[PDB]
Every structure is written in C-alpha cells, then in structure tokens.
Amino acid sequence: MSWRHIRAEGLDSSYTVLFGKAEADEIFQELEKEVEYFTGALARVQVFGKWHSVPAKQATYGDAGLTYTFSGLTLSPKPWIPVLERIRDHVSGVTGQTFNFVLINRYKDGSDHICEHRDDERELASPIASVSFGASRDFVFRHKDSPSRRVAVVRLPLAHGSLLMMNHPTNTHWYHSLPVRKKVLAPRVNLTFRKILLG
C-alpha cells in the first residue's frame, strides 16, 4: 500500500486512499442508505440528580456484548451490518489491526464541523482509523501548547475513499478540528474505528 506519512513534533499519522472511486461511490451510497443515526429527540438523561448528555446525530456499531461510555453513561452499540464489516476488513487488511467499534458522523455540508478537541483516551487501548466518504473536507492539526510556544500547523484534505490512521502520540500532543467550509455543499460521512478495551 502507498502511504503519506504526516510527521512533526509529537505527530504521527498516515494517510492513504483505501478505495478507488467506483468502489468508494458504491460504499458511500450503501452507507447513506443503511446507517441509522441517533436523532436529536433525546438530549439528556438524569441520574443521582446529575444530567448526562446522550449521543445525537451519530451512529455507533460494534461487536456483540461490547459496551462503551459516553458523557458518563454506559451504552451498547448496534451490531455490525455488512457494509461496515466490509469497510472494517479493508482497514484491517491494510494495517494489521483489528477493531471492535465504529463511530460514524455525518457532515451534511460545510457548515457542519467539529471544533478543536482531543479524543477520549480513557476507554481506548493504539491507532484510531478514520475513513471518509463523500465530499473532501480539510482536517486540521494544532499542537496543544501553541499560549506557550508556536508549533507548526498541518492541514490535510480527507478525500473520498481515504483512510487516516492516527497513531501515538498524535492524539496526546495535538488537538484536531474539521473546520467550516462554506464553498463545500455535498455531504461527508466519516467512520472512526477503535478498539475498546475489555478492561
């Protein structure tokens, strides 16, 4: 496989094109058709007098019997459906890793974005694999100390059919964003595969 290695102080990611266009088109259509997102209908749930947010506008699938936590609650993901198994297997096939969980986000146009954040490290093992379909969207890495010092910025279009692996310690020293882009009008679907520890 042909990989672009994105390297900098505390940043190890690599990027490749996982699926050719024909196949990326097919899979995208199947995703749009088949994935079931949480609606907005239920925002919060309260226990012991303290509220807890409930996932909205995302879908989670994973292995039977698995549980993950979210905003303090413990959930079960939907069991895998075939298009996701197909995608998981290609990722596995090209990295040597296994994954038991995927978080799917849909960005219906360039107004949908994600603000700077660092993944919830607490429940993970190991590399996060991010697979993109639909419209190309720029993805941005900013160092968590850049205020103290001035560290470089790294900017990467995540293209249709692509795979971005984020390996240690990329998620420890750098925040990530998917910034707004008005010019972009078509939707993007992103799949983030993880391995949730049984411990």
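Residue numbers here begin at 1 and follow the sequence given.
K.L.:
Can you count, per the entry, how many deposited residues between residue 125 and residue 126 come without coordinates? Answer none, 1 to 3, 4 to 9, or 10 or more.
P.N.:
Gap between residue 125 and residue 126: 1 to 3 residues without coordinates.
K.L.:
According to the PDB entry, how many deposited residues between residue 46 and residue 47 are absent from the model (none, 1 to 3, 4 to 9, 10 or more)?
P.N.:
Missing in between: none.
K.L.:
Report the stretch with the higher mean CA temperature factor, choosing between 9-17 and 171-179 on the basis of the entry.
P.N.:
Here the higher of the two C-alpha B-factor means belongs to 171-179.
K.L.:
Which wins on mean Cα temperature factor, 25-33 or 150-158?
P.N.:
Result: 150-158.
K.L.:
With respect to the C-alpha temperature factors reported in the PDB entry, which of 91, 103, 73, 84 ranks highest?
P.N.:
Checking the PDB record, the top C-alpha B-factor among 91, 103, 73, 84 is at 73.
K.L.:
Checking the entry, which one of 58, 136, 130, 53 has the top C-alpha B factor?
P.N.:
The C-alpha B-factor peaks, among 58, 136, 130, 53, at 53.
K.L.:
Where does the C-alpha B-factor of residue 64 rank in its chain, lowest, middle or highest third?
P.N.:
Within its chain, residue 64 is a middle-third residue by C-alpha B-factor, going by the deposited values.
K.L.:
In terms of the chain's CA B-factor thirds, is residue 164 lowest, middle or highest?
P.N.:
For residue 164, whose C-alpha B-factor we compare with every modelled residue in the chain, the answer is the lowest third.
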